[PDB]
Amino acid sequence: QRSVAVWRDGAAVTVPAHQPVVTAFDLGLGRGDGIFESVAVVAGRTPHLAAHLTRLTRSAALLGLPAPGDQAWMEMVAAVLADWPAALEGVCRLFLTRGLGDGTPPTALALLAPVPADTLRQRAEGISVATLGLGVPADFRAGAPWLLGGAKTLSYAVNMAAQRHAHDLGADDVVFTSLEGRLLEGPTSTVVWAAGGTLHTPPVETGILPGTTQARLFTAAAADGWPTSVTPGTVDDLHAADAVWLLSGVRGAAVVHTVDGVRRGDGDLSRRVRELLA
């Protein structure tokens, strides 16, 4: 099952999941002019909701979208959670669109659906990843705010086409690379790798998204005496690593067992990552 709530006249309103909620002129539909956050629902609860709401706020600020505020979002999360089975892991997406235009109200929605079995299987069994160039220099987006580098938008056509291109090659997912071959991130994930006793992730001064699963791992790793580093790594670094993972809010930690058709092990490092994230 699926469930949806719309923000109407300062209240969360539950509507049937198959009921249309956005008109033809919504700029989130026609232009992809809006932001989202994907919130894991585990045993009927949203363990990391606050983290996601801080990122929703930053995404909304990058796009100059008026945001309804935390109270509002928590009320819409409550609405869609109301009849949700504790046994069924969910993805609760929050969408904010520019609506019919700035001046008129932005459209706020919450939508909840099961995490798919194939996403669960990838968390359990790991993934193959294709590296695909984005064409941009690593330092470019820092000087080009119009490219929306640190924002999570409704404009994911490229993200989806990258994933289809990867599926066509026989891979499960994508890591983007800069022009010079620097790691950036997934269409939908943050890369992390283990090397020389350290956990590495690429810098986001490169204009990628401050991943919340990754932040939570690095904080717990720090506390457990596992050194962490922001490292301007390349695909060479992924091949040479002791282990590689894609981190995301919904899939969680997916070990990367294949990079560009090159099979790799994890040096049995995945267990401590999973313990720290738990």
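Counting begins at 1, following the sequence as shown.
Between the stretches 89-97 and 67-75, it is 67-75 that shows the larger average CA temperature factor. For the pair 213-221 and 241-249, the record assigns the higher mean C-alpha temperature factor to 213-221. In the PDB entry, the Cα temperature factor peaks, among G126, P202, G133, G150, at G150.
Between the residues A138, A195, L120, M160, the entry's highest C-alpha temperature factor is the one at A138. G267 sits in the middle third of its chain by CA B factor, as recorded in the PDB entry. In this PDB entry, the Cα temperature factor of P232 sits in the middle third of its chain's modelled residues. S155 sits in the lowest third of its chain by CA B factor, as recorded in the PDB entry. Ranked against the other modelled residues of its chain, the C-alpha B-factor of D172 as given in the entry falls in the lowest third. Ranked by Cα temperature factor within the chain, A113 sits in the lowest third according to the deposited record.
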